[PDB]
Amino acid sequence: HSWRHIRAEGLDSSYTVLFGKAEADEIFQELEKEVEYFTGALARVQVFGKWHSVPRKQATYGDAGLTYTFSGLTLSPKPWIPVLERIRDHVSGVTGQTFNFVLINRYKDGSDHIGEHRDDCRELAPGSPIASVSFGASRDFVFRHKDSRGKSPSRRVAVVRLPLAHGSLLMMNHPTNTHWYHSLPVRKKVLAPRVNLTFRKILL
């Protein structure tokens, strides 16, 4: 109900805290108990011609039949579990949006990270918002405009930086993900784990 609006050219997101500390703690504990992360061949991706194990853990849950593909890796969704349905439904209630899929990224500490990218799958329903819900350690989240990259950038739109707190929701609305890359950079001083859930509308 009270949102910090994050706006810039082609950037339209909003940030709010959904859950107090006690409730966020319970949910975090239950996520740590219940979520099953991919391992092995389902945790390696191909970027710039080389394969790497991802510097974090990932899981996908959602409706049957959906798939999620990026960087040479295809993930199939595990059936929904109660903790994930409760979060999905709370976010849906607060936003008026619906989601049929969630990507979970877990960062064991500040050395786990995710590189710059846009969430612009073919399988992502056109114009649908992405709901990013975070539990555990606060981590810095960075938005960067496509045109501001690489030595002599075309222009210089300033980076937008947000800490995402325990129990928070970041809604990324169209067309944020057509124009802006995001990442979760390494933060060596962070010692504790963070679990991020990104709820999405995926096309069958």
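Residue positions are given as counts along the sequence shown, with the first one as 1.
- When the mean C-alpha temperature factors of 106-114 and 125-133 are read from the deposited coordinates, 125-133 comes out higher.
- Note on 51-59 vs 146-154: mean CA B-factor is higher in 146-154.
- Comparing C-alpha B-factors across 159, 165, 42, 35 in the deposited entry, the largest value falls on 159.
- Among the modelled residues of the chain, residue 72 sits in the lowest third by CA temperature factor in this PDB entry.
- In this PDB entry, residue 138 carries a Cα temperature factor that places it within the middle third of its chain's modelled residues.
- In the deposited entry, the Cα temperature factor of residue 64 sits in the top third of values across the chain's modelled residues.
- Among the modelled residues of the chain, residue 10 sits in the highest third by CA temperature factor in this PDB entry.
- The entry lists a Cα temperature factor for residue 46 that places it in the lowest third of the chain's modelled residues.
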